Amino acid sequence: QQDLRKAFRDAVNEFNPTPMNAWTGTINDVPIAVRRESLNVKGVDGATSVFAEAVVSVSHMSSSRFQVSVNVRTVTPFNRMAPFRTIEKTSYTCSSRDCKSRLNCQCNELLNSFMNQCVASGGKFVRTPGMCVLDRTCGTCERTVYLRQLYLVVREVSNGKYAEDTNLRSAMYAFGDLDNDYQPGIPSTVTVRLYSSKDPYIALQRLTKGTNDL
């Protein structure tokens, strides 16, 4: 869609990265650092993100409610409750690469491996009734996954003044409370970023629905 490329260019063209130069301070007491990262969008050289970043401890976490206290100059202080864990549902489907022929099929092996990893994660494994052969879904796993990266968003309230964006909970599409990076296993730290709502990364995420293509 050629309108997408133009809409992205316009968003980049209008992005002023200089207010973030005033961003200093802490996230959960960890001093932030501001980074400039090229989005490497061809033909759009100004497509450069500018965000604050802090790697913060989560070794106190026992619950699902991770609290993130943002104390950055020119940003109104706010405390975000972020979901520390969520349920991931996956399935194992018997594919051609795992099933060279009907007589030499390895799908049962990889189903058993899927089951064992599910169980070792504390998940619920359910075997699908019927034989596990080509192009069938053979099992599901419902397991808990844990936050790795939290990209918060602030918006301009007045000139050179920012506040927590109550609409964009995350800079990652689809920008909601659970649109963060979750992975199996309990981490020791979480990487927290702070983006302006005008950041080209968010424009890119929005126009490509998180795919970052076009």
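Residue numbers run from 1 along the displayed sequence.
With reference to the PDB entry, specify whether the mean Cα temperature factor is higher for 53-61 or for 166-174. Of 166-174 and 53-61, the stretch with the higher C-alpha B-factor average is 166-174.
Higher average CA B factor in the deposited record is what I'm after, so tell me if that's 136-144 or 104-112. Higher mean C-alpha B-factor in the PDB entry: 104-112.
Deposited CA B-factor, highest of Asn79, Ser96, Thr86, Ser121: Going by the entry's C-alpha B-factors, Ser96 comes out highest.
Modelled-residue ranking by C-alpha temperature factor, third containing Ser197: Middle third of the chain for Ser197's C-alpha B-factor.
Sorting the chain's CA B-factors, does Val190 end up in the lowest, middle or highest third? Lowest third.
Taking the C-alpha B-factors as the PDB entry records them, is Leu150 in the lowest, middle or highest third of its chain? Answer is lowest: the recorded C-alpha B-factor places it there.
Ranking every modelled residue in this chain by its Cα temperature factor as given in the entry, which third contains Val68? Lowest third, going by the recorded CA B-factors of the chain.
Sorting the chain's CA B-factors, does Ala33 end up in the lowest, middle or highest third? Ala33: CA B-factor falls in the lowest third of its chain.
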